[PDB]
Amino acid sequence: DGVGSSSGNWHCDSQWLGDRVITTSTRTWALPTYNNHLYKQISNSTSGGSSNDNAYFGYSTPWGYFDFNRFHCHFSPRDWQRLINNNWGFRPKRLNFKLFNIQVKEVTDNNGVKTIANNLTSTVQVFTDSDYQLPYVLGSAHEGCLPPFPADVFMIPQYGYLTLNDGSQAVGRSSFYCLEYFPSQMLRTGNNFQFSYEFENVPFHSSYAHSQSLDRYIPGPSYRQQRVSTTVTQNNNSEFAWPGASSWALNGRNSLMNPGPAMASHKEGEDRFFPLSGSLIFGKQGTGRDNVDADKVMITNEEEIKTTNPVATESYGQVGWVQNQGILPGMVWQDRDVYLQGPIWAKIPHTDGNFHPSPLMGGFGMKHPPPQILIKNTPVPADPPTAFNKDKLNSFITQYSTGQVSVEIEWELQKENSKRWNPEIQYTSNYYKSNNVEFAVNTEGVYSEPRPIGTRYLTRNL
Amino acid sequence: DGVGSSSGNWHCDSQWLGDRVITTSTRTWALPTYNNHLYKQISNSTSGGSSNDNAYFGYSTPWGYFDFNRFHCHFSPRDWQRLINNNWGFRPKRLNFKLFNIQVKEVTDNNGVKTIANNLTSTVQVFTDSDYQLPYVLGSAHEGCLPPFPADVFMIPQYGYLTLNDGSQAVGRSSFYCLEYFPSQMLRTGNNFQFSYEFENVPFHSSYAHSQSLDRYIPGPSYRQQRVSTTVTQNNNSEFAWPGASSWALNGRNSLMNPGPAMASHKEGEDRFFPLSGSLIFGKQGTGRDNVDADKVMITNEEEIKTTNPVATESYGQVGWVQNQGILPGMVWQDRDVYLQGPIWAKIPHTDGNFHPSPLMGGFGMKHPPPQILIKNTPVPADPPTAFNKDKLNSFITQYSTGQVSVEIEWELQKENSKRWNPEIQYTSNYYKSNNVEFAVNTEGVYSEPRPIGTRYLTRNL
Amino acid sequence: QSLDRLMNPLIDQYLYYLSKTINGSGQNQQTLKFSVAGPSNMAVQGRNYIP
Amino acid sequence: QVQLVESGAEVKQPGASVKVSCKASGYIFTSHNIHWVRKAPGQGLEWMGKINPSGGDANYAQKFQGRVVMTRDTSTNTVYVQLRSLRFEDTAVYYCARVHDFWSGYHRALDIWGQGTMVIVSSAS
Amino acid sequence: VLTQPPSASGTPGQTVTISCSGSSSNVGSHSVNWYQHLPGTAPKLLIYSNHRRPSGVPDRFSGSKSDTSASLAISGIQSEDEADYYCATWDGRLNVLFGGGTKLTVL
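As presented, residues are numbered from 1 along each chain according to the written sequence, a scheme that may differ from that of the entry, and residues lacking coordinates are left out. To read the labels, note that chains go from A and ligands from 1, taken in the order they are written. Each value listed describes the chains present in this view, a part of a larger assembly. Only hydrogens and water are set aside when side-chain values are computed; all heavy atoms of the structure are taken into account.

- In the PDB archive, cryo-EM is given as the structure determination method for this entry, at a resolution of 3.47 Å.

Next up, the structure:
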């Protein structure tokens, strides 16, 4: 409405209603000025990697984009307990997203100082791709999620995209999207932006671990993985990190199999082996970027599916051994398990055909998944010179813009109907004392998550 | 409405209608930005053993809260004098809270001089826990109250809370409450905030001294204290302050019994003996934080309750002596007096049982007292780099925001019917000339209350 | 939480609790000294309820 | 381990200004304030004021309210005091210390100090 | 600003009570802390708050604070201990106020 009247209010709650849930979440955000207001081009060379595998081409744009794709954004570690213990599965229905209280600050840099002052009149552009015209980056499991802990204030990630390439050079088919050619909304310090969405009907996610093994039909497909041991004396003393890994190949470039079709981590009872590329390995809090050693990374395991899906370090059988196996008729399998830190959706690529589109890293695969939301600051040009020059203006006022962001998703649940007599496994905290509360802020002030959380606890008859 | 037109008006008044009262109060509050917008864990381990009973664990959030819980935030010393003299009993009915004229500031320092400047757009968050989901900290008689004197601009206290621990280390049954997790209205320089609440039915506070001594049904319960004689020579020459405590112990941890069950401070005629932890002890204006002389502090005394309640420094009876007596059938007893400086409501804990919940410091025990009202500045981040960063933003603009607060509480009164022929005891100031009128500012602008004021003056027949 | 620790760890009470009965080691040293019950010392704060 | 590092010494003749640098290594560096204590020979410690790390705004002292200027930088993780008008009177060893709360909201003290800094001010070349 | 004695005697094996005095606003409402300073080296925080000693500090050092006046008394002295001491305090705006140089002599 106006300068002094707040546009929209902080909403962060969970509302547990019958069979369905509503998790709203809010965050605060600052948006810098990316790429100095310039669409640019990037290859491997500008990055400097000379391999063919890592060759790429594409552009990197000013526009920012929001990513809530990760569970830990919407669910608070309480719920994701109450969510898993009590339920045989779920799926989303409706996601509602708002954005309000824009503010624009114009940084000024002096000889030794830079003072921040509001530029009331300045604006912020925002739009959402509802026709899925742009490339869709949310399916790569990128960084830049809304933070898990609401009092955090998260920086918005840049938007760039890869297109077709031969070496670092394009091909005529490689295409270049200019986002400014999309209609968007312009927000001064008083306006807000909100829309709603409807999740297209997907299978419920299956949260449960079969009590009864399949052989007590046939198990599902398998693609082997080199078995690496967290006891580092057991592992062969050779550089098998790259050569050992299985890798699906395309267009003459070998891409590691990450993680690959859902398979069990290890034979029952051996917990120290894991697929080399098979399972997601989340970084612990405080972990650096490069060459980290073992304890700084949590490692998920798929143990709950060891009944149906074959071990990823084992051969599917004999006929001579069979290292890979495609789908036979009459197979059964279960997909990979969604984690508190893991993704929520990805976009089924647009093809003439595909099989069992639900993505590998977990989550709900969709042919119209929730639109991306792109944002940028409409650049204020610095003073022009009094006599015309055909050039585009190369000097701008240094700004960033901050505000609030809030998102409300409605999850739907499936109750536990079991007549089992003896009690279940339930996920819980460990009463025993510790210098810190798990899943809570330490003395330093940095929020840490100790452990992943799977969704499979209750059991069903197979 | 807008930036330039005020969001409220200044009401401080009291309006005496029949048997009920409306007492409104309005003060100014400045709220700084605590903990750099960072929730953090607090515990004292100053030694590997630390302190037996002084060890604690908890968190310290940035939110500030409003404490009006004291009587002298609502009453002008006259309106109190009018209240105690003419009335037997009273009790709150409804409370109205209005919070208006938010004014946000931005502290920017340039070239060695720091200059404050209005930041128009920045917002302030506030909410009232109406489900009593947060820890209730208003019950502990903490400082940070609204100031007694309307012309005093005051500062808002910080909200942090404690939880279960063993030593200085927590245990899984601790819990970490994020306050960001509740829905909270955001306010800019134009908005206000208001809400009302209905007090649950509480027995009147009985303001009167029985005129008819109990022994002329057996007197109420008693838990003995040590006896200290204000005249020092009378006291034993030893360090008996802590050794001679009256202390109930829980989970291995000791707690001094302060004030303990309501008991008359001293026997008839002996006024120089107070019980050690028996009385509330209020400090005079300007009293030092530590080791202040005996006469820097005011000592409440319950002479009025002596007729029914047993004296705090003498044993209850003889069966050998009986030091601590429970509840026998047929006891009667009186409450602890409430004072002008002393608290109003203190929240009843939630248990499976309790007995006579009226809280030991005085006031109105309420399962559902007035909610907390939590407040913080929407964190506004300093210019984030153009290069995307995974980590959260650690640098914010300095800011604080100020404005007004009003509260209006409806008290219901109980008139004096007494048939007494001879005059009552009323509380009146002394005519004797003095350098400064009691209960008013001295020559530096320091509003100083010379004495506590109890509410028990009129009398009744037992 | 627990019944003794219901207090707020950040903010001193306005109640004063006697902390010393003597000045120091010696003779005729009786004295009174009062102090604020505060987060520094939490064992002595005046509390509402008792187990 | 938590550490604070002043730069090397300079020698600057009256009327010259000298900034000093303090490197905060081993901590968040925005949650704690940084106080500048000075000691001129035969004089007690003296407090030039503090900067609020994340805030960027400083609180100077009564005596030094005019001359002293404080600036900081998060990227290089260092903070600067600039004494614009050096005099013979202003000859001292400069310290940067940080407030450290010892993991408690209630307590405040300057736990970590830098190795040191000395400014020799005299017109004589 | 606080007023404390500038020169304080000492002898091996003797405690030394170091006095500091201040107005109610400056020290009454604020906990004094003591810093030990050796010339040519950075100051050390002996006592933070009225009666507490940091992990680094030795058992002998202590602290006794009362209303305005706030003292310090150290035990089992050495000339290896002998250096300059300070009385630090916080006002309402939290300006830090140092009392003055008190340096010992051990002989």
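Focus on the overall build of chain E
So, point 1. Check the secondary structure of chain E and you find one helix and nine strands.
So, point 2. Where helices and strands are cited, they refer to DSSP runs of H or I of at least four residues and of E of at least two residues respectively, numbered from the N terminus. Mapped in sequence order, the helices and strands of chain E form the string β-β-α-β-β-β-β-β-β-β.
So, point 3. Just to be clear, the radius of gyration here is over C-alpha atoms, and the globule rule we use is 2.2 Å times residues to the power 0.38. For 107 residues, the compact-globule formula gives about 13 Å, and the C-alpha radius of gyration of chain E, at 13 Å, lands near that figure.
So, point 4. Principal axes of the C-alpha set define a box for chain E whose edges measure 40 × 30 × 30 Å.
So, point 5. Here the term buried applies to any residue with accessible area under 20% of the maximum for its type, exposed to any over 50%, and partly exposed to those in between, with areas from a 1.4 Å probe on protein chains only. When the 107 residues of chain E are sorted by exposure, 52% land in the buried category.
So, point 6. What makes two residues a contact is simply this: any of their non-hydrogen atoms within 4.5 Å. Taking the intrachain contacts of chain E between residues at least 6 apart in sequence as the baseline, contacts between residues at least 24 apart amount to 55%.
So, point 7. Total accessible area on chain E stands at roughly 4,600 Å², and carbon and sulfur atoms take up 48% of it.
So, point 8. Across chain E, 7 positive and 7 negative side-chain charges occur, with their mean positions spaced 7 Å apart. All accessible-area figures derive from a Shrake-Rupley calculation using a 1.4 Å probe, and residue coverage is judged against the displayed protein chains alone. Positive charges come from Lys and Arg, negative ones from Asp and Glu, while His and the chain ends are left out of the count. All charge positions are set by atom: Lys at NZ, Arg at CZ, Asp at CG, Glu at CD.

Points about the overall build of chain D
So, point 1. Scanning chain D from terminus to terminus reveals zero helices and eleven strands.
So, point 2. In chain D, the succession of α and β elements from N to C terminus is β-β-β-β-β-β-β-β-β-β-β.
So, point 3. Here the C-alpha atoms of chain D give a radius of gyration of 14 Å, agreeing with the 14 Å that 2.2 N^0.38 yields for 125 residues.
So, point 4. Across its three principal axes, chain D shows a C-alpha extent of roughly 50 × 30 × 25 Å.
So, point 5. Out of the 125 residues in chain D, the part that is buried amounts to 55%.
So, point 6. Surface summary for chain D: the accessible area is close to 5,200 Å², and the carbon and sulfur share equals 47%.

With respect to the environment of B:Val407
So, point 1. Tracing the backbone shows B:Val407 in strand 32 (residues 399-415).
So, point 2. Dropping the residues within four chain positions of it, B:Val407 is found in contact with B:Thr23, B:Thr24, B:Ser25, B:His74, B:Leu95, B:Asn96 and B:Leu146.

What to know about the nonpolar core
So, point 1. To define a nonpolar core, start from buried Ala, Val, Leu, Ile, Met, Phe, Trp, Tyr and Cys residues and group those joined through side-chain atoms within 4.5 Å. Judged by nonpolar contacts, the single largest core of 136 residues is most densely connected at A:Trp80, A:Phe97, A:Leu99, B:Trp29, B:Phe66, B:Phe71 and B:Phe97.
So, point 2. B:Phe66 has contacts with B:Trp29, B:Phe97, B:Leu99, B:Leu138, B:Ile156, B:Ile373, B:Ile375 and B:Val405, leaving out every residue within four places of it along the chain.
So, point 3. One finds D:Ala24, D:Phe29, D:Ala40 and D:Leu83 within the second-largest nonpolar core, a separate group that totals 28 residues.

Some points on the sheet that holds strand 2 (residues 30-36) of chain C
So, point 1. The strand order 23(B)-2(C)-1(C) describes an open sheet built from three strands, whose pairing is antiparallel. Each edge of the open sheet carries a strand with a single partner, namely strand 23 (292-293) of chain B together with strand 1 (16-22) of chain C.
So, point 2. By the bridge criterion, five bridges tie strand 1 of chain C to strand 2 of chain C in an arrangement that is antiparallel. Bridging across to strand 2 of chain C, C:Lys20 finds its partner in C:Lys33. In this analysis, strands are considered paired if DSSP registers two or more bridges between them.

What about the state of the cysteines?
Residues and elements named next belong to chain D.
So, point 1. By disulfide we mean two sulfur atoms from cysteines, separated by a distance within 2.5 Å. One pass over the structure, following the stated rule, counts two disulfides over all chains.
So, point 2. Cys22 shares a disulfide with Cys96; S-S distance 2.0 Å. Judged by the torsion about the S-S bond (80 degrees), the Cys22/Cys96 disulfide is right-handed. Note that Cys22 is positioned in strand 3 (residues 18-25) and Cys96 in strand 9 (residues 93-100), a separation of 74 residues in sequence.

Here's the deal with unusual backbone geometry
Residue and element names in this part refer to chain A.
So, point 1. Between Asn258 and the following residue, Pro259, the backbone shows a cis peptide bond with an omega angle of -25 degrees.
So, point 2. Mapped onto the fold, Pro259 is located in the loop between strand 16 (253-254) and strand 17 (273-275).
So, point 3. Although it is not a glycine, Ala141 adopts a positive phi angle of roughly 60 degrees.
So, point 4. Position of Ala141 relative to the elements: it lies in the loop between strand 7 (124-128) and strand 8 (153-155).

Focus: the pattern of salt bridges
So, point 1. We define a salt bridge as a side-chain nitrogen of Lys or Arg found within 4 Å of a carboxyl oxygen belonging to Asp or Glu. The full count for this structure, using the stated rule, is 40 salt bridges over all chains.
So, point 2. Linking A:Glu198 and A:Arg94 is a salt bridge whose minimum nitrogen-to-oxygen distance equals 3.0 Å. Taken together, the positions of A:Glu198 in the loop between strand 11 (193-196) and strand 12 (205-206) and A:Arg94 in strand 5 (residues 87-109) put the pair 104 residues apart, joining distant regions of the chain.
So, point 3. Between E:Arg60 and E:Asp81 there is a salt bridge, with the nearest N and O atoms lying 3.2 Å from each other. With E:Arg60 in the loop between strand 4 (44-47) and strand 5 (64-66) and E:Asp81 in the loop between strand 6 (69-74) and strand 7 (84-90), this residue pair connects regions lying 21 residues apart in the sequence.
So, point 4. Judged by relative accessible area, which is 31%, E:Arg60 ranks as partly exposed.
So, point 5. Shared partners join several salt bridges into a network, and the residues in it are D:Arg38, D:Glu46, D:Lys63, D:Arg67 and D:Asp90.

A word on the interface of chain B and chain C
So, point 1. Each partner contributes residues to the interface: chain B has 72 residues there, and chain C has 44 residues.
So, point 2. The term buried area refers to how much accessible surface (probe radius 1.4 Å) is lost by two components on association, counted for both of them together. Of the roughly 5,100 Å² buried at the junction of chain B and chain C (both faces included), carbon and sulfur atoms supply 58%.
So, point 3. Interface area lost by chain B to chain C is led by B:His142, B:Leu162 and B:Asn237, which between them contribute 12%.
So, point 4. Where chain B packs against chain C, one counts three salt bridges.
So, point 5. Here B:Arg289 and C:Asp12 are joined by a salt bridge, their closest N and O atoms 3.2 Å apart.
So, point 6. Pairing of N or O atoms within 3.5 Å defines a polar contact, subject to two protein rules: one partner must be a possible hydrogen donor and the other a possible acceptor, and residues neighboring in sequence count only if both atoms are side-chain atoms. Here chain B and chain C share 29 residue pairs in polar contact between them.
So, point 7. Mapped onto the side of chain B that touches chain C, the elements with two or more residues apiece are strand 4 (57-65), strand 9 (158-162), strand 19 (247-250), strand 20 (253-256), strand 22 (281-283), strand 23 and strand 29 (345-347) of chain B.
So, point 8. Residue contributions to the side of chain B that touches chain C peak at five residues, all from strand 9 of chain B.
So, point 9. Note on residue categories: nonpolar means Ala, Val, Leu, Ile, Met, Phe, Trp, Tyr, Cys or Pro, charged means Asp, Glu, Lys or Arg, and polar means any other residue, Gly included. Of the residues in the side of chain B that touches chain C, the class split is 40 nonpolar, 23 polar and nine charged.
So, point 10. Bridge analysis of strand 23 of chain B against strand 2 of chain C gives two bridges, and the strand direction is antiparallel.

Regarding the packing of aromatic side chains
We describe a pair of aromatic rings using the distance from one ring centre to the other and the angle between the two ring planes.
So, point 1. Only centres within 6.5 Å qualify two rings of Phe, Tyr or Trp (six-membered ring in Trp) as a pair; their planes then separate them into stacked at under 30 degrees, edge-to-face at over 60, and tilted for everything else. Overall, the coordinates contain 69 aromatic pairs over all chains when judged by the stated rule.
So, point 2. When the centroid spacing of 5.7 Å and the interplanar angle of 45 degrees are considered together, the rings of A:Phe97 and A:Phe195 count as tilted. Remark: A:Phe195 occurs in strand 11 and A:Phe97 occurs in strand 5; sequence separation between them is 98 residues. Taken as a pair, A:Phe97 and A:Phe195 share a single burial class, namely buried.
So, point 3. Look at B:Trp63 and B:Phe127: their rings are 5.3 Å apart centre to centre, the planes differ by 80 degrees, and that puts the pair in the edge-to-face class. In this pair, B:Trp63 sits in strand 4 while B:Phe127 sits in strand 7 (residues 124-128), placing the two residues 64 residues apart along the sequence.
So, point 4. Exposure remark for B:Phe127: the relative accessible area of 3% places this residue in the buried category.

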